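Read the structure below first, then the notes.
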Amino acid sequence: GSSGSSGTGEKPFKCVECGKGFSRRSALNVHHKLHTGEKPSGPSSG
Ligand SMILES: [Zn+2]
């Protein structure tokens, strides 16, 4: 079997979409763009 979660960091910056962990207020802002915008799936009419 496998066990031993030792992947902690306590980063100050975190994504509001997944909760990632960054170090600067820039790298996190860029990773966000990835969230806002995905393949053409689910026509959300408006
Ligand atoms: Zn994210």
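In the structure tokens, the first chain shown is A, the next is B, and so on; residue numbers restart at 1 for each chain, and ligands run from 1 in the order shown.
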Handout entry: Within-9 Å residues of ligand 1, basis only C-alpha atoms and all ligand atoms, as a ChimeraX atom specification
Key = /A:14-21,28,31-35
Generate the output file for the selected residues, C-alpha atoms, as a short mmCIF file (atom, residue, chain, number, x, y, z; two decimals), in the first residue's frame.
data_model
loop_
_atom_site.label_atom_id
_atom_site.label_comp_id
_atom_site.auth_asym_id
_atom_site.auth_seq_id
_atom_site.Cartn_x
_atom_site.Cartn_y
_atom_site.Cartn_z
CA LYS A 14 -3.83 30.54 -3.20
CA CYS A 15 -6.13 30.15 -6.21
CA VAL A 16 -9.81 30.91 -5.61
CA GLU A 17 -10.73 28.23 -8.15
CA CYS A 18 -8.73 25.25 -6.88
CA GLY A 19 -6.79 26.58 -3.91
CA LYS A 20 -3.31 26.16 -5.36
CA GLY A 21 -0.27 27.58 -3.59
CA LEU A 28 -1.19 33.13 -9.05
CA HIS A 31 -2.67 30.68 -13.36
CA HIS A 32 -6.18 32.09 -12.88
CA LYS A 33 -6.58 32.84 -16.59
CA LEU A 34 -6.43 29.07 -17.08
CA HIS A 35 -9.64 28.71 -15.07
#
Practice task
For residue 12 of chain A, please output as number ranges by chain all residues within 10 Å (counting only C-alpha atoms; exclusion window: fewer than 6 positions along the same chain).
Solution key: A: 21-25
Handout entry: Test item, helix (DSSP H, G or I) assignment across chain A, answer as a count of residues only
Key = 9
Practice task
Quote the spacing between atom CA of residue 9 of chain A and atom CA of residue 38 of chain A in Å to one decimal place.
Solution key: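 It comes out at 28.4 Å.
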